Amino acid sequence: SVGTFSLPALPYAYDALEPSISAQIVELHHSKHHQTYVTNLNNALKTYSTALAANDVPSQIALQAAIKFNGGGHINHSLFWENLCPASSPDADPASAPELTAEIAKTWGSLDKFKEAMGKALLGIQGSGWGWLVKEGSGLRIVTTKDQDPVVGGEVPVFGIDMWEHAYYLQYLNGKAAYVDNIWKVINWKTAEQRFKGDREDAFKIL
Amino acid sequence: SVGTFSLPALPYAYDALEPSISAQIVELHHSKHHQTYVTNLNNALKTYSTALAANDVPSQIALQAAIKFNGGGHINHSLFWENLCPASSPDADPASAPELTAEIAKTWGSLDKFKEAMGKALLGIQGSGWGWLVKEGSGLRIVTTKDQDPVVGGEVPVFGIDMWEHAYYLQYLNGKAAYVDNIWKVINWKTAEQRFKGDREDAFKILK
Amino acid sequence: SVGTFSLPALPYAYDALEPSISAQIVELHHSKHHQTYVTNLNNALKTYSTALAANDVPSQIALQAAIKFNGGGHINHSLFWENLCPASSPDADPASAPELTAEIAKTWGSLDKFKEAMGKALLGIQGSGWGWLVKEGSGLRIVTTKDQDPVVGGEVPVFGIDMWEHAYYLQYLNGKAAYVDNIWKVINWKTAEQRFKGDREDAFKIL
Amino acid sequence: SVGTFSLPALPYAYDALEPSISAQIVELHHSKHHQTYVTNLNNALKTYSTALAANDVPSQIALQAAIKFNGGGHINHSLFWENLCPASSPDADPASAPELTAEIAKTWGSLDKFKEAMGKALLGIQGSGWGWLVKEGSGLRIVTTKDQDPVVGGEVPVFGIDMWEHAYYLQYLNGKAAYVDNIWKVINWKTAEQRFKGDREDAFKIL
Ligand SMILES: [Mn+2]
Ligand SMILES: [Mn+2]
Ligand SMILES: [Mn+2]
Ligand SMILES: [Mn+2]
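Residue numbers (the deposited numbering), protein chains in the order written: chain B, 2 to 208; chain A, 2 to 209; chain D, 2 to 208; chain C, 2 to 208.
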């Protein structure tokens with residue numbers, strides 16, 4: 002049965018990521034923005050199934066933008082909620098990710114140096130997009146994606162940070178640097194460790 | 002003197018576009034977002050001048066993104082402020098644009114049908130971008146641009162509407178459709194008419 | 002039966018477009034290049050069908066490039082063969098396209114001015130791509146597409162000219178301007194007229 | 002003095018790369034294609050100089066495509082000629098690159114596995130473009146670039162392979178796989194080794 006995705010439940014209350022991310026943002030981001038991606042993804046997929054059966058290639062290609070945008074939106078936000086957690090949770094302690102943080106230190110020198118590099122990448126995004134820590138081969142890389150484009154080229158997403166203005170604007174206004182500075186407090190390193198130790202299939206099973 | 006752009010004071014109060022666009026949005030949009038494009042444009046242009054004089058092509062190519070993004074940011078927002086005005090102004094009455102609205106009607110059937118088409122294009126933008134009515138040849142077209150990419154390919158911008166989330170989110174949240182419905186109330190048709198009757202360089206005089 | 006596309010028969014012999022386009026090129030272009038797009042399209046669709054039925058969105062998005070590229074390749078070349086014909090055919094006479102040429106003249110002033118504009122667009126393409134005359138609304142526009150991107154966004158393709166180097170290089174070498182000058186002699190205006198008078202679905206019926 | 006680039010002399014005769022790349026191709030590729038990038042780059046830079054002094058930003062943005070395409074064209078081909086050499090030369094033996102090949106083996110397992118991965122990347126390019134082995138940080142990566150886009154983002158080019166159809170079509174026709182198989186015979190590993198050991202600036206000193 003094509004196109005039966007549903008909006009996943011949050012692992013925490015809307016206000017659980019405060020003070021880094023306000024309850025108003027988490028509620029809008031999940032119940033409105035993510036909801037819209039799920040809904041529009043299901044509709045595009047059913048329409049695609051029709052075109053595919055009719056061997057209608059122009060319609061299939063014309064539907065790709067909706068499927069990438071809403072499918073990517075669903076993929077990215079689903080990953081996002083799971084790699085966030087309350088700042089007071091032990092999951093927010095990078096000690097929860099011994100293997101990943103060891104490789105981060107191996108690659109950037111230290112967790113702090115990595116955070117600086119990641120922050121630069123996030124703040125350098127022009128327009129809407131995401132920043133990701135990914136596993137490529139056996140190594141780690143910082144990559145950015147445009148709009149709702151997902152990391153589907155083969156790399157394993159370890160964690161993502163949303164840099165769309167709706168992710169921060171109500172609370173931080175134009176101050177995206179402050180959003181980035183504060184989001185580190187609510188990164189779920191237990192999730193990141195899990196993804197780092199598993200393969201691409203493992204990371205996407207939550208969908 | 003390379004890279005000496007400045008942001009002119011807005012010709013109306015921050016709250017002058019209410020209730021279509023809130024005072025907080027206009028203030029942030031102009032004094033923070035647009036100024037930042039101006040600052041970073043000037044910085045990129047000066048770095049570029051060094052690279053140009055040195056025939057350093059790798060650095061020039063590496064700087065293109067900053068110049069297009071910030072240069073486009075300054076161009077687009079400069080056009081935007083000039084094609085917005087208070088809802089109570091006679092300039093917001095489409096009767097201020099007889100020649101343009103006649104061509105709009107000839108093209109889309111009516112101004113109403115044009116607004117619906119334009120709205121569909123604006124709401125269809127994925128991510129950040131702008132929607133434009135442009136003059137191409139002698140005809141009119143609706144086009145969209147991504148991020149801060151400007152309309153510099155030869156067509157004449159007639160007016161633009163910003164669909165970046167910072168353009169509406171504080172007031173409308175995710176409700177971008179209401180933003181688009183309401184922005185028609187504060188479109189400066191006098192400005193649109195002037196641009197419609199002039200050429201591409203005439204439109205970009207706003208950058209002087 | 003997903004992915005059962007076949008290479009369409011040419012409407013003429015391989016040498017029918019001489020001297021504008023050599024027999025060698027027509028043979029390679031059809032039997033190798035277009036064929037490879039068809040084969041790889043079928044392969045992509047079979048893989049996509051699996052991902053779709055399985056609601057595997059990451060795989061679907063990863064497959065989009067192959068479907069757009071090969072699907073677009075199939076669409077574009079299918080249109081191309083049908084809007085070419087022998088130079089001696091009455092179909093190559095623009096008098097075969099009265100309604101289209103009338104609209105062309107209204108838009109660019111004359112057929113010659115249109116050809117000059119189209120030529121500039123074709124020669125201005127960086128890398129691989131196509132130039133198209135399209136109908137959008139009741140009006141005409143010249144558009145270019147990159148690689149094998151097809152005109153599937155809603156406008157009606159009227160005719161296309163391939164600017165990939167494989168379309169001309171064996172015969173014209175780097176001299177693409179000469180290729181463009183000569184291809185006007187073999188444009189099937191009868192086909193162009195038919196597309197101009199019909200709708201978007203009508204144009205894609207050849208598939 | 003803005004825009005005074007010149008077409009570099011080849012390090013060998015036009016026929017020196019046979020049988021892998023024909024004399025006809027090397028001569029056309031260098032004397033026509035590369036020459037045109039140089040000339041159009043110089044002209045664009047001189048025009049840019051005017052627009053820059055006039056603080057004419059629309060004109061500057063409009064000129065970017067020409068500067069990236071022709072500038073990238075000049076950069077890429079300049080690197081290309083230097084990382085090619087006669088097949089009978091010991092410089093074409095990977096033993097000429099002990100440090101680089103050691104790092105390749107560490108990364109892909111073996112030189113053969115690297116060649117397979119590189120070939121896959123090269124053959125996977127849609128449209129016109131280049132494949133590169135680059136050094137980013139301390140590691141090696143295979144990347145592809147579209148059209149004439151250069152590797153200018155910070156990574157150090159180690160060697161490049163041109164996958165534009167003009168690089169092979171006269172000799173290999175549609176057989177890009179055969180082109181890739183055969184180009185390994187004329188890769189200059191001595192040059193590759195030098196670039197691998199050197200700086201980003203050092204690699205571009207060739208300009
Ligand atoms: Mn988001
Ligand atoms: Mn804006
Ligand atoms: Mn072709
Ligand atoms: Mn080349």
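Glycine residues also receive a C-beta, built at the ideal position from the N, C-alpha and C atoms.
| query | result |
| --- | --- |
| Any non-hydrogen atom of ligand 2 closer than 7 Å to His167 (chain A) Cβ | yes |
| Top-ranked residue by Cα proximity to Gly132 (chain B), from B:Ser97, B:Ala168 and B:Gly140 | B:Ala168 |
| Cβ-Cβ distance between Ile162 (chain B) and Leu123 (chain B) below 8 Å | yes |
| Interface partners of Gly140 (chain D) on chain A, CB under 8 Å | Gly140 |
| Which residues DSSP lists as bridging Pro95 (chain A), in chain order | Bridge partners of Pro95 (chain A): none, in fact. |
| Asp92 (chain B) Cβ short of 7 Å to ligand 2 heavy atom set | no |
| Span separating the alpha-carbon of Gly155 (chain A) from that of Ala204 (chain A) | 11 Å |
| Rounded C-alpha distance that separates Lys136 (chain D) from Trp190 (chain C) | 53 Å |
| Under the three-state DSSP convention, the category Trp133 (chain D) falls into | strand |
| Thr108 (chain C) in three-state terms, based on DSSP | helix |
| Buried/exposed call for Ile126 (chain C), threshold 16 Cβ in 10 Å | buried |
| Residue from A:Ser60, A:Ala66, A:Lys33 and A:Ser7 with nearest C-alpha to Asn43 (chain A) | A:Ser7 |
| Integer-rounded CB distance, given that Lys47 (chain B) should sit under 8 Å from residue 1 (chain B) | Lying outside 2 to 208, the shown extent of chain B, residue 1 (chain B) is not represented and no answer is given. |
| Close beta carbons around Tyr173 (chain B), own chain, < 7 Å, minus the five adjacent residues each side | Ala179 and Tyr180 |
| One or two residues paired with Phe81 (chain D) in a DSSP bridge | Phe81 (chain D) pairs with nothing; no bridge assigned. |
| 8 Å Cβ cutoff, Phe160 (chain C) in contact with chain A | no |
| Beta carbon of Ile62 (chain B) nearer than 8 Å to that of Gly130 (chain D) | no |
| Where the beta strand (DSSP E) containing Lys186 (chain D) begins and where it ends | Segment: none, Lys186 (chain D) is in no beta strand (DSSP E) and carries neither H nor E. |
| Three-way DSSP call (helix, strand, coil) for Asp150 (chain C) in this model | coil |
| Residue interval of the alpha helix (DSSP H) (run including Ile162 (chain D)) | First-last for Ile162 (chain D): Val157 to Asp163, but that is the beta strand (DSSP E), not the alpha helix (DSSP H). |
| Residue 210 (chain D) CB to nearest heavy atom of ligand 3 below 7 Å | Here chain D comprises residues numbered 2 to 208, so residue 210 (chain D) is not present and cannot be evaluated. |
| Limits of the unbroken alpha helix (DSSP H) element including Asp57 (chain B) | Element bounds for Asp57 (chain B): n/a, residue is neither H nor E. |
| Through-space distance from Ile105 (chain B) to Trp185 (chain B), alpha-carbon basis | 15 Å |
| Test: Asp148 (chain D) CB closer than 8 Å to a CB of chain C | yes |
| Residue-level contact to chain A via CB, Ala66 (chain B), 8 Å cutoff | yes |
| Proximity below 8 Å, CB of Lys33 (chain A) to CB of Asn175 (chain B) | yes |
| Chain-order list of residues whose beta-carbon lies under 7 Å from that of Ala17 (chain C) (same chain, five-residue window excluded) | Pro87 |
| Reduced DSSP category for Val3 (chain B) - H, G, I as helix; E, B as strand; rest coil | coil |
| Counted within 10 angstroms of its Cβ, other Cβ atoms place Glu100 (chain A) as buried (16 or more) or exposed | exposed |
| Collapsed DSSP secondary structure at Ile126 (chain A) in the structure displayed | coil |
| Candidates D:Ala98, D:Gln65, D:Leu64 and D:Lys206, of which the one nearest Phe197 (chain D) by Cα | D:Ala98 |
| CB contact below 8 Å: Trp165 (chain A) versus chain B | yes |
| Distance CB(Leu80 (chain A))-CB(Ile188 (chain A)) smaller than 8 Å | no |
| Test: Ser97 (chain D) CB closer than 8 Å to a CB of chain B | no |
| Paired residues, beta bridge with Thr40 (chain C) - DSSP | Answer is none; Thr40 (chain C) lacks a bridge partner. |
| Contact check, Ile143 (chain D) vs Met119 (chain D), beta carbons under 8 Å | yes |
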